[PDB]
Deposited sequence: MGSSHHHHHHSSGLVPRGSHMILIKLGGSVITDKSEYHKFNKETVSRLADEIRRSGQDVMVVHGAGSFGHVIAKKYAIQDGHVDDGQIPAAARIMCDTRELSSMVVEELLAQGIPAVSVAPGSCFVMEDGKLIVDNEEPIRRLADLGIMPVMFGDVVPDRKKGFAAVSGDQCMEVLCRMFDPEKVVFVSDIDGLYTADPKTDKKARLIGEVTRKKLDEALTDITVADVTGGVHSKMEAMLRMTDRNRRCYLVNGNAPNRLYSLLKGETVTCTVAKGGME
């Protein structure tokens, strides 16, 4: 099994609120289907969550009552975005269903707690891929807290033990600095010296590939070599 995260940087326009990149997700879902590999797809929120959370300081928790309608607005936006991603997967013959973390799990000390793993495992047993995503989750100490797609990878990595982990973003890989502001940073090949090291072991290798490059995710899922950042270690 290969755990993939369709990051918000490719599936959405992180600078334009509520903007869905339909042609990108449609191509990425087609590349996943053409690879023929058993996968579990996660995706981020992008502008379907980050734009409103920053305006209302959702990352700070339940500060005042003015954040309650904004938190529900983000929750509705993330669930709406997941429907569009699932629609692209269903059109490519990939049964999947949206699993909102804010509707089934809780958060505490910055971690997503999965007290009941049965329905998620039963969904994967039916061939209907459970699709978690970045969302606002009820917090046990801060009222509510935001979970990212990265932690959803960490939770699903320890639960299903995938053979490979893939992070899909709008960058060819990890650089020494921001490649959009610093145009001198080099592409870092290996990683042994982010959180890609917490989901790798003896054989599991984490990858960071550019979803904006066509057929790059397809070749990476097929075992061929592509431009990316590979992580290894314990």
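Missing residue ranges, deposited sequence indexing starting at 1:
Residues missing from the model, as numbered along the full deposited sequence, span 1-20, 214-236, 278-279.
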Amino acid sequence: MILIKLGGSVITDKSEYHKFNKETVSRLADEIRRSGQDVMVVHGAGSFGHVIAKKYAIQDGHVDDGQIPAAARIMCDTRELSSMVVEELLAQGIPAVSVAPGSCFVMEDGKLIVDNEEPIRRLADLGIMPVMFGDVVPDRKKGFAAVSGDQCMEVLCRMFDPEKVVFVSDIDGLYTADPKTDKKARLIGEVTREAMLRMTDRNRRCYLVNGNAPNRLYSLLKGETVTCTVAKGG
From here on, numbers count along this sequence of modelled residues.
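Would you tell me which stretch averages the higher CA B-factor in the PDB entry, 139-147 or 72-80?
Taking the mean C-alpha B-factor of 139-147 and of 72-80, the larger value falls to 139-147.
Would you mind comparing 222-230 and 209-217 for me and telling me which has the higher average C-alpha temperature factor in the entry?
The deposited B-factors put 222-230 ahead on the C-alpha mean.
How does the C-alpha B factor of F48 compare with the rest of the chain: lowest, middle or highest third?
As the PDB entry reports it, the C-alpha B-factor of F48 lands in the lowest third of its chain.
What third of the chain does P162 rank in for C-alpha temperature factor, lowest, middle or highest?
It belongs to the highest third of the chain when residues are ordered by C-alpha B-factor.
Sorting the chain's CA B-factors, does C152 end up in the lowest, middle or highest third?
Answer is middle: the recorded C-alpha B-factor places it there.
Modelled-residue ranking by C-alpha temperature factor, third containing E108:
As the PDB entry reports it, the C-alpha B-factor of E108 lands in the highest third of its chain.
For the chain shown, is the CA B-factor of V39 in the lowest, middle or highest third of its modelled residues?
Middle third - that is where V39 ends up once the chain's C-alpha B-factors are sorted.
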